[PDB]
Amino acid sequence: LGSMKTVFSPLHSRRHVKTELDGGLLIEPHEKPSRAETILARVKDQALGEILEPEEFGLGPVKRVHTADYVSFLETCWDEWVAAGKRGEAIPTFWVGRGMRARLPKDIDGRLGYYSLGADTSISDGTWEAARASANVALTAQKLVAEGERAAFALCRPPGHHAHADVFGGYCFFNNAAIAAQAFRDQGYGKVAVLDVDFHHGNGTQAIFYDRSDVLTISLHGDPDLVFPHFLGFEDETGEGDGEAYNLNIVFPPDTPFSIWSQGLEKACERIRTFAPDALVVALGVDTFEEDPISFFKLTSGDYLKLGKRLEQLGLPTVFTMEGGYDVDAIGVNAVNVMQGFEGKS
């Protein structure tokens, strides 16, 4: 039936790190260029709709969400790391432990730790440019929807939803979904909802809008007691200040299938309807998949068609930002199934 436009960057390997700290070893990263290659190949093979490259928006709309100091650090981090004589990729070794001061130091190792929440997200040559391109992909999709499209697929790589205003991690650097939501707001959309269906909690998006009532943030995810990001995402985090009751976390345990997960989806859609937003950003991960190598939900490829159909029933202008999903064999089928389901495929 319907068609949906996809925005992508041709340089899938602009970010091309070779190490990820995992179980005490430095392994090949889970978040690989072939993730974007495979999704794009399936977008073309299914003729989802027009494919386009991103427009350059510059750092202005990125800085509506992220701090100036953080954006500067990501641009210079690799250069400074190399200049200090380190021989691996840029990985934090030390951080602000409990009892220490949240105080920005001068040394590159100190800044790396100050600005991170994990050691599994290496930085190297090209990472800065890749983060910038991924944010432009998100902003191009947002522009397409603002200028008339019902929906658009921002094929973001690297993902974004773990990044705070000034913290990177969980393979994320710029919070593409938050940048898209803030762009809707800046363009006069009074209220925006960001719905996070990636397997992991969107802690970055929660933190960015936590004290605000004009952006509703909702995430379904695996229990942070058991999985990343561990220290946010619990159901008692409902917002702060004016943002009280405008954040909603819905947690699930291991082996949760679509029959159960979709009940949380319905609760999220009901909260969205009450909020009555003017635009919707969906932070889409397919790491809820039953074969995902780092996650523990049990969705099947066919369930993603049902997910897309239910999201379309919200009846809102919708930007999809690509987040996680690490079984590369199925990542294209799974992600494009959501878009096809949104466009009417059953």
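The first residue of the shown sequence is 1; numbering continues from there.
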{"query": "Mean Cα B-factor comparison, 160 to 168 or 271 to 279, giving the higher one as deposited", "finding": "271 to 279"}
{"query": "Per the entry, higher mean C-alpha B factor between 98 to 106 and 114 to 122", "finding": "98 to 106"}
{"query": "Selection from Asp225, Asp214, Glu129, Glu80 [criterion: highest C-alpha temperature factor in the record]", "finding": "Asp214"}
{"query": "Candidate set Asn247, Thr205, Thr140, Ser134 [ranked by C-alpha B-factor, highest]", "finding": "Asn247"}
{"query": "Relative C-alpha B-factor of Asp255, binned into the chain's lowest, middle or highest third", "finding": "middle"}
{"query": "Position of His30 among the chain's modelled residues by C-alpha B-factor, lowest, middle or highest third", "finding": "lowest"}
{"query": "Within-chain third of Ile294 by Cα B-factor, per the entry", "finding": "middle"}
{"query": "Chain-relative CA temperature factor third for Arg150", "finding": "highest"}
{"query": "Third assignment of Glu266 from its chain's C-alpha B-factors", "finding": "highest"}
